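This report refers to the structure that appears directly beneath it.
Throughout, protein chains are lettered first and strands after them, A, B, ... in sequence-line order, and every chain is numbered starting at 1. Computed over heavy atoms, backbone and side chain alike; hydrogens, waters and symmetry mates excluded.
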Amino acid sequence: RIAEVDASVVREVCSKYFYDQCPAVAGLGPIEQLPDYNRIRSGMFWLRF
Amino acid sequence: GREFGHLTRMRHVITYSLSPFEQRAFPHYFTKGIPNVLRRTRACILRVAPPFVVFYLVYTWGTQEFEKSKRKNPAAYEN
């Protein structure tokens, strides 16, 4: 199963699970510089591609 | 020097949030909103409105006494 993985398979499975998806976040202090959830959610979609 | 990690000191406070794609953008709108904007109107009506009533009474007395000082002459118009 490991031997049939190549670069195009990794691009397909990572786009299915990561790209325009809402994450779950947990944080324990001092976390005043942890970014806002809107700025975290907009970091999941890219600008140029 | 006012950046986000350097503002203030805070302890023992927890916050919970939902994603914007997981909720509806319009919750209770006329069920909650109409009773909310009516007690906000009641809370400020005795402070804002009584000055503008006194402007209305001075405006009506000022335009009506302007005309019967000018050319409105029923009975003071003799020899």
| said: Is there a salt bridge (charged side-chain N to carboxylate O under 4.0 Å, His left out) between A/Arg41 and A/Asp20? Walk through the geometry before answering. | reply: CA-CA 8 Å; A/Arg41 181 55 179 86; A/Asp20 205 36; 3.4 Å; yes
| task | Can you sort out the partners of B/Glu3 under side-chain contact (heavy atoms from CB on, under 4.5 Å), two or more places apart, ordered by chain and number? | result | B/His6
| task | I would like to know whether A/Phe45 and A/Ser42 meet side chain to side chain contact (heavy atoms under 4.5 Å, CB included); could you show each step before the answer? | result | CA-CA 6 Å; A/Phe45 51 84; A/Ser42 64; 3.7 Å; yes
| request: Please examine the side chains of A/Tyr37 and B/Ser17, heavy atoms only from C-beta on, and report whether any two atoms are closer than 4.5 Å. | output: no
| note | All heavy atoms of A/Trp46 vs all of A/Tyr19, minimum pair found to be N-OH, 3.3 Å
| request: Check ring pair (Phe, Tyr, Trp, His ring centres under 6.0 Å) between B/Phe26 and all other residues, then give those that pass, not counting sequence neighbours. | output: B/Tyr29
| Measuring from B/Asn36:CG to B/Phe30:CZ, what's the distance to the nearest 0.5 Å? | 14.0 Å
| Do any N or O atoms from the side chain of A/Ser15 and from the backbone of A/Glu12 form a donor-acceptor pair under 3.5 angstrom? | no
| Hey, does the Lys NZ or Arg CZ of B/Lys70 hover above the aromatic six-ring of B/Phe66, less than 6.0 Å from the centre and inside 45° of the axis? | yes
| field | Charged N-O contact under 4.0 Å between A/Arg11 and A/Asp6 | value | no
| task | Please examine the side chains of A/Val10 and A/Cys14, heavy atoms only from C-beta on, and report whether any two atoms are closer than 4.5 Å. | result | yes
| task | Check side-chain contact (heavy atoms from CB on, under 4.5 Å) between B/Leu7 and all other residues, then give those that pass, not counting sequence neighbours. | result | A/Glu32, B/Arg2, B/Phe4
| query | Distance from B/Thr8 atom OG1 to B/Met10 atom CE, nearest 0.5 Å? | reply | 8.0 Å
| said: Test side chain to side chain contact (heavy atoms under 4.5 Å, CB included) on B/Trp61 and B/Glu65; report intermediate values, then the result. | reply: CA-CA 6 Å; B/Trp61 182 92; B/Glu65 293 295 326; 3.8 Å; yes
